[PDB]
Amino acid sequence: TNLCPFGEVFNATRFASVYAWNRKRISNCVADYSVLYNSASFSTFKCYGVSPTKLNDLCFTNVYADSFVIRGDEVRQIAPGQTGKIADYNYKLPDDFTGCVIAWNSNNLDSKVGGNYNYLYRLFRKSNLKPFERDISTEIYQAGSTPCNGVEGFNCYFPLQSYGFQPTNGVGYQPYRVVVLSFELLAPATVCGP
Amino acid sequence: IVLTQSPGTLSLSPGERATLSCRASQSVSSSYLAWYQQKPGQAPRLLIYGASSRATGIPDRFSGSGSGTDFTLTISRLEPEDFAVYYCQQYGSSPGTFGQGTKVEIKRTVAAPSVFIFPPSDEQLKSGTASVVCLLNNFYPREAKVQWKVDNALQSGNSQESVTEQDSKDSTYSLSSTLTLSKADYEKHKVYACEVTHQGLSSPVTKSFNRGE
Amino acid sequence: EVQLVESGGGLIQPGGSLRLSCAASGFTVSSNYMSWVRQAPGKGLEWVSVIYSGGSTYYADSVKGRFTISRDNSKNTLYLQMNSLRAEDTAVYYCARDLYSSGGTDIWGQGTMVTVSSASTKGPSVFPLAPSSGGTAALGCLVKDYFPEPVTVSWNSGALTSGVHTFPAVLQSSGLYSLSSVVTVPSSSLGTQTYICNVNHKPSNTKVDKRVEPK
Ligand SMILES: *[C@@H]1O[C@H](CO)[C@@H](O)[C@H](O)[C@H]1NC(C)=O
């Protein structure tokens with residue numbers, strides 16, 4: 001039968017900004033996870049609940065594949081129980097997360113001399129995201145009691161900021177592509193390992 | 001990330017250009033850097049954020065630049081109110097960090113200190129301790145070396161010193177050093193001397209007294 | 001009228017606790033990144049803590065486990081609870097609002113002094129720094145063994161200001177401070193003019209007038 005289209009997530013030419021992270025719903029297909037765990041070298045391949053090696057033996061209703069770019073120092077926030085600007089305001093995993101987090105350095109793709117300004121993250125948000133919440137608002141952030149009325153100014157900040165990746169940045173400041181695989185258990189199971 | 005500012009002290013006249021460097025230990029996006037001014041007894045004041053964005057109400061003579069590891073604050077034409085300490089800041093981590101500061105001071109011609117040595121008062125000796133004080137009055141530049149000698153033995157580890165802020169009228173510094181001994185140790189020696197080295201002095205100047213004269 | 005007004009600083013014994021507060025006007029504390037930054041005497045700025053609008057808090061390693069940053073939205077006030085204080089936490093503590101790449105740390109409190117020490121309050125002994133035993137002569141007053149800061153010194157009840165240098169106090173290994181105040185005068189004045197230093201130490205309610213003569 002039909003193979004799960006993981007290349008169509010991992011090998012995508014373009015990746016999303018973290019604030020507007022993409023989600024691919026994977027369904028009715030067969031997936032080998034041992035190939036991913038050997039298909040490339042990833043700087044991070046951490047699984048929670050499941051086992052990277054002992055993973056092709058299980059069945060699930062749907063698999064979600066979330067992907068985005070963040071800074072190298074921030075990959076540690078893509079884990080249950082973490083905090084920080086990314087975990088709090090951009091992409092939040094639940095405390096009970098079962099799934100895998102895969103990351104690799106994308107300096108050669110996502111950095112540019114003079115700064116790549118296409119990748120953004122949310123800097124200002126009044127409250128933390130719920131798990132798997134996606135906030136794509138560009139409303140001006142009101143940091144005082146005076147309404148902003150769509151105009152930037154004092155206490156009135158555009159909520160997104162650019163990473164500005166340059167290839168000469170320290171590794172902790174280089175762009176990393178991230179894929180989060182989430183395993184749904186609800187209904188006939190439709191994705192299984194061989 | 002460690003921010004290292006240089007130079008530690010910049011010595012210039014009003015109307016001259018100030019160039020202040022901040023070097024980051026780790027190459028970083030320009031958006032993560034900021035510059036602050038601090039005057040004696042006041043809180044810091046923001047000048048520049050995002051390496052180059054001038055803060056609201058900050059005079060145009062202040063500008064910032066740089067990227068990667070090397071950042072610069074330029075004051076194009078120094079004004080009297082610009083002589084202060086300047087700090088760089090990075091906020092790539094939480095919390096961020098600051099540089100150690102660069103002082104911008106009034107430059108003036110070299111001026112040798114006048115040097116005075118003071119014996120311990122007899123009132124103090126009554127109490128069991130002897131403080132010997134050496135004064136270096138109105139010198140420039142700030143770098144000066146005070147060497148204490150007791151019967152010509154060079155003394156280390158028993159003195160503290162303190163320096164005034166740059167004088168508002170003649171732009172000099174003054175320095176006060178205190179050598180502290182017990183009364184018992186004080187009475188075991190005769191010659192107490194303060195030897196001063198400074199750019200304005202052809203050769204070191206020693207002031208001294210003999211205990212009991 | 002945007003401002004940050006700090007309170008709560010003072011003298012505390014090592015191992016003691018203080019709480020600083022920072023009352024804000026002109027912006028909403030709970031909606032902002034807020035920080036505490038401290039400056040030990042004569043030293044640079046050390047960023048010790050930060051709190052995020054959503055509630056996350058972070059600390060410098062120098063204060064982790066001892067300091068807690070917090071806030072009260074109804075009073076629009078930032079706090080810093082400081083436990084297990086040590087001598088090296090002696091500093092002016094500033095609160096500030098952070099905007100990072102959208103505007104730097106733009107609003108700063110006026111600072112509040114925290115002094116950590118096991119010394120007890122004590123007024124100074126004042127000893128003469130006497131000249132003679134050339135054009136300029138020097139005389140002064142050694143203001144020794146007091147705690148805490150500050151002391152004030154004047155000469156001839158304020159009538160003498162030219163040539164006066166009152167030096168920053170030094171902290172001695174006893175935990176007590178010592179300070180010198182000096183004045184240079186024409187040497188022909190030593191025999192004609194009277195010189196008296198006026199020392200005031202508020203914390204011990206000590207006031208001393210010491211006349212300084214050539215020996
Ligand atoms: C991406 O393409 C490479 C090179 O052909 C391949 O080896 C790799 O397995 C692909 N990744 C996935 C997840 O299919």
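Remember, it's 1-based here, ligands and their atoms both numbered in the order they're listed. Numbered from 1 within each chain, the chains take letters A, B, ... in sequence-line order.
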- Item | Donor-acceptor contact below 3.5 Å, side chain A:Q174 vs main chain A:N169 | yes
- Numbered atoms and elements of ligand 1 in range of A:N11, under 4.0 angstrom, heavy atoms: 1 (C), 2 (O), 3 (C), 8 (C), 10 (C), 11 (N), 12 (C)
- Item | Which segment of A:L36 sits under 4.0 Å of ligand 1 when only heavy atoms are counted | side chain
- Message: Does B:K103, at its NZ atom, have more than 12 non-hydrogen atoms belonging to other residues, nucleotides or ligands within less than 6.0 Å?
- Response: yes
- Message: With a 6.0 Å cut-off on the ring centroids, do A:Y121 and A:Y19 count as close?
- Response: no
- May I ask you to decide if the ring planes of A:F183 and A:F60 are parallel, tilted or perpendicular, using 30° and 60° as cut-offs? parallel
- Message: Which label fits A:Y37 and A:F45: parallel for a plane angle under 30°, tilted from 30 to 60°, or perpendicular past 60°?
- Response: perpendicular
- Determine, considering heavy atoms only, which of A:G7, A:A12, A:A40 sits nearest to atom 12 (C) of ligand 1. A:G7
- Message: Counting non-hydrogen protein atoms only, what is the nearest one to atom 7 (O) of ligand 1? Give residue, atom name and distance.
- Response: A:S39 O, 4.2 Å
- Message: Checking contacts now, so for atom 3 (C) of ligand 1, which I'm interested in, is there any protein heavy atom under 4.0 Å?
- Response: yes
